[PDB]
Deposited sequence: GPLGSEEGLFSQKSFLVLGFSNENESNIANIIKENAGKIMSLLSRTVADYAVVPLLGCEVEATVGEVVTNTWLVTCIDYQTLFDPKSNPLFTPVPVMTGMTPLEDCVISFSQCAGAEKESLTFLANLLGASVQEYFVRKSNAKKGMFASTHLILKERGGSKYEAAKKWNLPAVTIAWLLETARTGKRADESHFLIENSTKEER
């Protein structure tokens, strides 16, 4: 099993939600609780008074399972609790598209972006289209230099930023300088 020889605490979720999560861990050879290897917590985190090896997110758990790989939680900031300056919405007029992101990582970035007041769009378009129901885009968030959307942003002169821009925005409560997080400089 993927989670074989690993023990888990499932903290921070509703009764129904943690029952599901626990079952998924069990279905992947993990044990539910001495010291547990992992405390699974929601993306934004929660109180963990118990002592555990490391605190990790449901985004870690699910990604790990989706790719049948035990990713080192430190390999992605979404794998451990993400600090968000509560109740702040510094991205209230942004229309964000993601490129190069898939699945649970993408569902989590989406949640964050909405949480900061952004609106997240599947299609990266330069101009609003009411009949089509799409809004002009203002940001593109991506992992690497390349691909259709990246070229479009370059052409349209829209900022193309690494994920760190989004997370720095969340931590501070303030819209990070897009120019410090351009994909061209990574």
Inset, instruction - Would you flag the ranges of the deposited sequence that the structure leaves without C-alpha positions? - result: 1-7, 41-45, 199-203
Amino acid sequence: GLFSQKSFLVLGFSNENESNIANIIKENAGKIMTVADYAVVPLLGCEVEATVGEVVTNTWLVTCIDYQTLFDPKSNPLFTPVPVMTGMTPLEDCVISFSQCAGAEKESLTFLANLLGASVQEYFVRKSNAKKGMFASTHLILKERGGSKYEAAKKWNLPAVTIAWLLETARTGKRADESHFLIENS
From here on, numbers count along this sequence of modelled residues.
Inset, instruction - State which stretch shows the higher mean Cα B factor in the entry: 99-107 or 71-79. - result: 71-79
Inset, instruction - Would you tell me which stretch averages the higher CA B-factor in the PDB entry, 122-130 or 137-145? - result: 122-130
Inset, instruction - Have a look at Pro159, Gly53, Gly117, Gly45 and flag the one whose Cα has the highest B-factor in the entry. - result: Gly53
Inset, instruction - Relative to the other modelled residues of the same chain, rank the CA B-factor of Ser19 and answer lowest, middle or highest third. - result: lowest
Legend entry - Among modelled residues of the same chain, the CA temperature factor third for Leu112: lowest
Legend entry - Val62 - which third its CA temperature factor falls in, relative to the rest of the chain: lowest
Inset, instruction - Sort the modelled residues of this chain by their C-alpha B factor and say whether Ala152 lands in the lowest, middle or highest third. - result: middle
